[PDB]
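One structure is given here, and the rest of the page talks about it.
Read from first to last, the chains carry the letters A, B, C, D, E and F; within each, the first residue is number 1.
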Amino acid sequence: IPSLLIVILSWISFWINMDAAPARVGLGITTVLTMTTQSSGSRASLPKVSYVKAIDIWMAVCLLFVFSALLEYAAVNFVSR
Amino acid sequence: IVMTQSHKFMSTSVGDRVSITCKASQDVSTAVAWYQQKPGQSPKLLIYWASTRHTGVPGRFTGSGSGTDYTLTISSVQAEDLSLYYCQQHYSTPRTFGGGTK
Amino acid sequence: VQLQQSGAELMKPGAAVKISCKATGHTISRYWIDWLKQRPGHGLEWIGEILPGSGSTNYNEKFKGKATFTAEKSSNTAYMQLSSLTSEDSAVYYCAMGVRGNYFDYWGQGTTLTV
Amino acid sequence: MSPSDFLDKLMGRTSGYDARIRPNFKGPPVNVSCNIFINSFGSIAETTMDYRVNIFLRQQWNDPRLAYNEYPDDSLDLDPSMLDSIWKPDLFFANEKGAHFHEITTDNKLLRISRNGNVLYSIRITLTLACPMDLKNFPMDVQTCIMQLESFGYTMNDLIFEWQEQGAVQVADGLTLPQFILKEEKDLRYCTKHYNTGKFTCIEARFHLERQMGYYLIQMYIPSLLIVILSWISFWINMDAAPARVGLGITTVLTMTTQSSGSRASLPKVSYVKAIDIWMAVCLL
Amino acid sequence: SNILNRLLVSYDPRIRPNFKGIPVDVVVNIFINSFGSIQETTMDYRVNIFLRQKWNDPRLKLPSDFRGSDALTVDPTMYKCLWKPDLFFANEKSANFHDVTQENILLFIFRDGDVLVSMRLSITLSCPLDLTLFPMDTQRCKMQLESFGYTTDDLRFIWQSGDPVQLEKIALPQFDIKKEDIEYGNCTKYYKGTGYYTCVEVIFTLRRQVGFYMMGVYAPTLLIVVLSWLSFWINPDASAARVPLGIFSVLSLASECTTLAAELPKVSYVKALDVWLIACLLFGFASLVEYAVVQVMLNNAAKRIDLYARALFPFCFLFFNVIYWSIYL
Amino acid sequence: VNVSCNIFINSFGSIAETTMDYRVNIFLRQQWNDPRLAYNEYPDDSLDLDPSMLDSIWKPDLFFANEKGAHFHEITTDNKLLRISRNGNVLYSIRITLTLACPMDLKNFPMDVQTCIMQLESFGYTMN
């Protein structure tokens, strides 16, 4: 739920004017803040295991989606000259 | 140890009681197993410790005896019981069997 | 649990043959693999035993040197090598295995040898 | 005449040996020359202020009623179970803080009674000795952790300890230490305890431990060294960039607070100021 | 009862076999029941083994009136009446017997006085770690066996001539062991004043699985360094974007430096896991310094610097990956 | 001598994925025949006894092959039981706490299903 709440909150950047660069980029960086922290906490009580787990391909994929959210507005500034 | 079966060939009709004596050499007193080897196949296990049965063996095979003198027993001989029967001691390291009974 | 041996063998005197015992169903380094000899006219006879993981073997006093037990965990198979083959070696060779005791409840189909 | 009759004539049944009476009872004190052999020195704890050492405590003395004439041997390595019916000096470690024999496959005890009575006694002991650490200059400090081989129930007119004249403390080859480098010089002085009951014997062995600042220079200094120089670039952007510039200052001044708080992972919470917390306070400034 | 009570009578467990004669030969053997993973924090590892010993003791020669199978399997609690080699483990921090229903011991006494004793131990052995090239390293932990109270004149160990160590399946969390060198039968220790003491050791090799670190350290750290590169295509007038976008790349990298070393020993030398983080921490900081160079250029066409930096750091960084992963891997 | 044995687990808990083990205390019972304990003196079928008498009879030396740490319970007495049936049948119940180790396959960690084992194995006596 907390990680689900972060992926679902980074999407609001598209519900903001394309001029608010500090807003969207500040949002795309704050969201990737907790995801790296949430993903780091996912291995709190787990042994250091080589293979990939079920929760690990969930935090990684939510991290990838939240990472691509911030990466989009970097593609908008280049376009929206 | 020298296990011995003093009857290489036994005669029996379908539905008889036959006893196969395997007189051990020294005192093992429980260590005896009985095998059945139809022609052209591996000897399958029937009895181990002289009184127990193996997983999937018909209940007409009964082991008895102790000390030196042992004995296998088939209550009602069917048609498949016409084969070779080996006794076997598993008490010591050199595991002799004792020839075979037919 | 099953034990799949090699095929029939035909050798000449003085040579040496190696019979395999392909354990299909369990790790070969798990149980003792026993080796027996069935010579027609006579009865069965116990060759020895090899725990295929620790390389421990307990040969019969009659077969010391005549038989050599080996193993190979790359394919889960236990080997036996008969050196100095003679006409007395004409018999069938099995690779039994006793799990809950010193009896032989798992057997191989057999490997006919004819010197 | 027999190996069993000999041990029964030297100890046990037909000996008359009494392990409750020190050698030369009502005579000169039993001097005990003793040396150590450290196996695994290390695990210097800072939050607990103690270290763990594995040593073979060898201690030699002379018991005149263990002198034999039967065997022509100079010494005689007895069994490691017969060093329980002989007298033994009852030394403890004054700052041991936890200790235990090793009893794996046999009691790790050694006994060797020479022909004139000279007894040897080697036992393997894992100690968790306590050494009070001075952290006035923490990352670059030089410690001095000691062990004290003290007697308990015998005064200095009954039992006197000493060190081996040559090589009293011996270190195993290749004995390394993380964060530390055990200096080859070791002080061997006479501690002596005067208690409410009388004079008691003691002998300590100083251990000098120079700290290796490789860890703290990569973990504590460079990250703080980098965060400080991070904020310096705030002086280059245009002054009109109010939110961006202040964001650079707030994060850098905030990250130094986390670094200083993280600089006390294993450091004991001590009153005075260290040498690492005035590099952090100054970089925080 | 007279098969055993007739032997131990007149038997002395304080005297080794062949007291003044040749030394006693002990053929050491080991079965690894479980092999715990290395504790990098304490430089040790926990192992559960079945220590086996096999020496000769001519006073335990079974009579001619004993048939038996081949041995004389006796009460395991009967070990206290026989002589036993006093071998300790020169690396163990804290070992342990096992008595879960009663004490786990074998005692076979063959017909020629030969004796077998199989203790069941759980050892916490200490093996120093060489954490240079940390995630892609490989350690070698020892299991030195050694006599304590008997010199080489009296007691003498030697490994089993076949397979001394009999590990079957361990499958550590992030390690693995296949085949190694049961070496140094001449491991005999020399101690001043006491003498030469027997030693025999097995030095296992423990390769480390980098799978846990490729998705817990290298994977998330790599995207953060790419996260810093997003600030090059953004309009340079947005001061409040490229600056916060760069501070994140140093803050998160700085945080990962402490979070990773928090569960490792504090060795004072750069390891491979630190060259990666310290390098990525500089590519992030270098991108932020790049903005200051561009911000100054506006104080006077600074887009050329970003353009020259758009396709330079990815080249300057991918060049790092070739150099890094070729050295340590 | 074969020993039909059963277990009564009082509690699991502390199932650590990190340590890769779990703790449990059980009442390991085990019965076997001992023909030199049959008696004709008392007319009782079964006959409870003092657990202090439990140290003078034969007992199978079973261990837990993956026990990883265990200990008897000595609180206020030996937590041992012994009733010698009047034909030789010896009952033997002892309380034991076990930190058994079970390797965990965490391929689907948050919603996995584990299978931790408990191997009661003999040590000093062969299969015959």
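One rule holds for everything that comes next: a contact is a pair of C-beta atoms (placed from the backbone, for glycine too) under 8 Å apart; a residue touches a chain by one contact, two chains touch by 3 or more.
Visitor: Among all chains, which one's averaged Cα position is nearest the averaged Cα position of every protein chain shown?
Guide: Of all chains shown, the one whose C-alpha centroid lies nearest the global centroid is E.
Visitor: Based on CA centres, what chain would you say lies at the far end from chain F?
Guide: The chain lying farthest from chain F is A.
Visitor: Distance between chain C and chain E based on Cα centroids, please, to the nearest Å.
Guide: 39
Visitor: Taking each chain's centre as the mean position of its Cα atoms, how many Å separate chain B from chain E?
Guide: Measuring from centre to centre gives 53 Å for this pair.
Visitor: With chain centres taken as the means of their Cα atoms, state the distance from chain A to chain B in Å.
Guide: 75
Visitor: Could you list the positions in chain E whose residues touch two or more of the other chains?
Guide: 69, 173, 240-241, 244
Visitor: Could you list which residues of chain F touch at least two other chains?
Guide: As it turns out, chain F has residues touching two or more other chains at 20, 128.
Visitor: Could you list the positions in chain C whose residues touch two or more of the other chains?
Guide: 101-102 - these are the residues of chain C that touch more than one other chain.
Visitor: Could you list each pair of chains that touch, in label order?
Guide: All chain pairs meeting the touch criterion are A-E, A-F, B-C, B-E, B-F, C-E, C-F, D-E, E-F.
Visitor: Across the complex, what residues on chain E touch chain F?
Guide: Within the complex, chain E touches chain F at residues 33-34, 48, 69, 73, 75-76, 98, 100-107, 118, 120, 122, 171, 173.
Visitor: Across the complex, what residues on chain F touch chain A?
Guide: 16-18, 20, 106-112
Visitor: If you look only at chain F, which of its residues touch chain C in the complex?
Guide: Interface residues on the chain F side: 127-128.
Visitor: Could you pull out which chain E residues touch chain D in their complex?
Guide: For chain E paired with chain D, touching residues are 12-16, 19-20, 42-43, 51, 84-95, 97, 119, 121, 123, 126, 128, 148-151, 154, 191-194, 239-244, 247, 250-251, 254, 257-258, 261-262, 265-270, 274, 278, 281, 285, 288-289, 291-292, 295-296, 298-299.
Visitor: Which of the residues in chain B end up touching chain F in this complex?
Guide: Per the touch definition, chain B meets chain F at residues 31, 90-91.
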